[PDB]
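Chains as they are written, first to last, in the entry's author numbering: chain 2, 8 to 261; chain 1, 1 to 94.
Below is the structure:
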C-alpha cells in the first residue's frame, strides 16, 4: 500500500490531493504552534478562530510560459482579502500564524521545465532606482502575483525585480538556503512547504510587516513541442495554521 | 540589606499576567474613590479577560542606585601657570 508520491492534506473545510508530490518541507524543522505563556507579551486574551481562519485559500493563479521570468507573493498580506483570516487581520493590531503553502502545476510526460518554489523570510527588496525608495503597490498586489523581470529597469518606485539577483542583491542560485522545493515537470505536479512563524518578536502587525515572501522562479524554462498543449498554469493555495490575534478595535488601515 | 555591601543583591521581577475569564458579579475592582488618597491597585485582568503572561522583566535600572550612580559633572574651574603676584595662578570651589 501507501505510495509516498500520493498525499492528502486536510485543514478546516479543505482537502488538497496530489498524486505526484516530493515529500513536504517543514520550514526549519519546525511545525507551527500557538504562542506560549512564556514567550507572550500582549496581555489580552487572544482570539483563535481555528477552522474559520485556518483553511485552504486558493490565490489568483498565474500562467507559466517558456520565457516567463518568475513570480512572488507576500505573506500575510496576500491573504488580506481571504475570508475570515482577512477580517481578523483587519480588526486586530497584532496577529500570529504559520502556513501550509501548496503550489500546484501539472503538465505531461512530454512537457519539460523546472521551477524553484521558495519561502524567503524577511525578503526586503531593493528599489530599481537605487537613488530612490520603493513603495507598497510595487512590493505587493495582495493575492495577485507580482512578477520578476528579465529587464533591468522599472516605473517610479518599482522594485529591481531582475531575476538572477532575486529582487534583493544576492545570487538567485543561493535562494535554496530558505525553505524550498522544486516542481520539475518530469518528477512532480506540486510543492508543499509548511512554514512556521519566523520572526524576531512574538506577534506583529499583519499589514505593516510582510513576514515572508513566496518566490516561484523558473530555473529551467517551460518547454514542449509541436501542438502539445500551450496553456500550463501555476496555482498557489495556502492555509494559515495556529492563527491567533491580539489587540482588537475598529476596521483597520488608518 | 546593606547599601555598602555591593556584592549582595535581591532579584525582584515584575508581576505576571494572570488569566481572567468573563464575569457578572457584585465585586467592583475598578470602581473606587480618589478622595481617599489611595492609588488603584488594578491589574488589566480586573477590566478585561487577559491571558497568562510570564513577566521576567526586572526593575533594574530604576533602582535609586542605578539611577544616581552614574558619574556626572557638577562644576568646572580654571587656573593659569603663574607667580605669587598672579591672582589667576590658582583657584577654588565651594
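Heads up, the beta-carbon is just placed ideally off N, CA and C, and yes, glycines get one too.
CB contact below 8 Å: residue i versus chain 1
| i | result |
| --- | --- |
| residue 51 (chain 2) | yes |
| residue 30 (chain 2) | no |
| residue 48 (chain 2) | yes |
| residue 88 (chain 2) | no |
| residue 218 (chain 2) | no |
| residue 44 (chain 2) | yes |
Helix, strand or coil at residue i [DSSP, three-state]
| i | result |
| --- | --- |
| residue 51 (chain 2) | strand |
| residue 226 (chain 2) | strand |
| residue 94 (chain 2) | helix |
| residue 32 (chain 2) | strand |
| residue 64 (chain 2) | strand |
| residue 82 (chain 2) | strand |
| residue 207 (chain 2) | coil |
| residue 67 (chain 1) | helix |
| residue 7 (chain 1) | coil |
| residue 31 (chain 1) | coil |
| residue 18 (chain 1) | coil |
| residue 50 (chain 1) | strand |
is_contact[residue i, chain 2] using C-beta, thresh 8 Å
| i | result |
| --- | --- |
| residue 48 (chain 1) | yes |
| residue 59 (chain 1) | no |
| residue 17 (chain 1) | yes |
| residue 14 (chain 1) | no |
| residue 7 (chain 1) | no |
| residue 70 (chain 1) | no |
| residue 64 (chain 1) | no |
| residue 74 (chain 1) | no |
| residue 94 (chain 1) | no |
| residue 53 (chain 1) | yes |
Cα-Cα separation between residue i and residue j, rounded to whole angstroms
| i | j | result |
| --- | --- | --- |
| residue 253 (chain 2) | residue 43 (chain 2) | 13 Å |
| residue 188 (chain 2) | residue 124 (chain 2) | 5 Å |
| residue 110 (chain 2) | residue 28 (chain 2) | 11 Å |
| residue 88 (chain 1) | residue 76 (chain 1) | 15 Å |
| residue 98 (chain 2) | residue 118 (chain 2) | 46 Å |
| residue 156 (chain 2) | residue 46 (chain 1) | 56 Å |
| residue 90 (chain 2) | residue 146 (chain 2) | 22 Å |
| residue 139 (chain 2) | residue 58 (chain 1) | 43 Å |
| residue 222 (chain 2) | residue 128 (chain 2) | 11 Å |
| residue 246 (chain 2) | residue 13 (chain 2) | 19 Å |
| residue 44 (chain 1) | residue 91 (chain 1) | 59 Å |
| residue 125 (chain 1) | residue 10 (chain 1) | Since the first residue shown for chain 1 is 1 and the last is 94, residue 125 (chain 1) is missing from the structure and cannot be characterised. |
| residue 38 (chain 1) | residue 31 (chain 1) | 13 Å |
| residue 56 (chain 2) | residue 239 (chain 2) | 36 Å |
| residue 29 (chain 1) | residue 53 (chain 2) | 23 Å |
| residue 204 (chain 2) | residue 185 (chain 2) | 14 Å |
| residue 27 (chain 1) | residue 79 (chain 2) | 55 Å |
| residue 88 (chain 2) | residue 1 (chain 1) | 60 Å |
| residue 2 (chain 2) | residue 212 (chain 2) | Outside the shown range of chain 2, which is 8 to 261, sits residue 2 (chain 2), and nothing can be said about it. |
| residue 21 (chain 1) | residue 48 (chain 1) | 8 Å |
Buried or exposed by the 16-neighbour rule on C-beta atoms within 10 Å, applied to residue i
| i | result |
| --- | --- |
| residue 217 (chain 2) | buried |
| residue 17 (chain 1) | buried |
| residue 6 (chain 1) | exposed |
| residue 105 (chain 2) | buried |
| residue 176 (chain 2) | exposed |
| residue 25 (chain 1) | exposed |
| residue 94 (chain 1) | exposed |
| residue 243 (chain 2) | buried |
| residue 199 (chain 2) | buried |
| residue 24 (chain 2) | exposed |
| residue 33 (chain 1) | exposed |
| residue 173 (chain 2) | buried |
| residue 73 (chain 1) | exposed |
| residue 257 (chain 2) | exposed |
| residue 5 (chain 2) | A query on residue 5 (chain 2) cannot be resolved here, the shown segment of chain 2 reaching from 8 to 261 and no further. |
Strand pairing of residue i, partner residues [DSSP]
| i | result |
| --- | --- |
| residue 253 (chain 2) | 101 (chain 2) |
| residue 187 (chain 2) | 125 (chain 2) |
| residue 109 (chain 2) | 199 (chain 2) and 244 (chain 2) |
| residue 148 (chain 2) | 151 (chain 2) |
| residue 134 (chain 2) | 166 (chain 2) |
| residue 117 (chain 2) | None, per the DSSP bridge assignment. |
| residue 70 (chain 2) | 240 (chain 2) |
| residue 13 (chain 1) | 58 (chain 1) |
| residue 15 (chain 2) | 24 (chain 2) |
| residue 77 (chain 1) | Paired residues: none, contrary to the question. |
| residue 220 (chain 2) | 81 (chain 2) and 127 (chain 2) |
| residue 156 (chain 2) | 169 (chain 2) |
Any non-hydrogen atom of the ligand FAD within 7 Å of residue i CB
| i | result |
| --- | --- |
| residue 111 (chain 2) | What this structure holds is no ligand at all, so the ligand FAD is not there to describe. |
Against chain A: residues of the stretch 25-47 of chain 1 by CB proximity under 7 Å: Among the chains of the structure shown, chain A does not appear; the protein chains present are 2 and 1.
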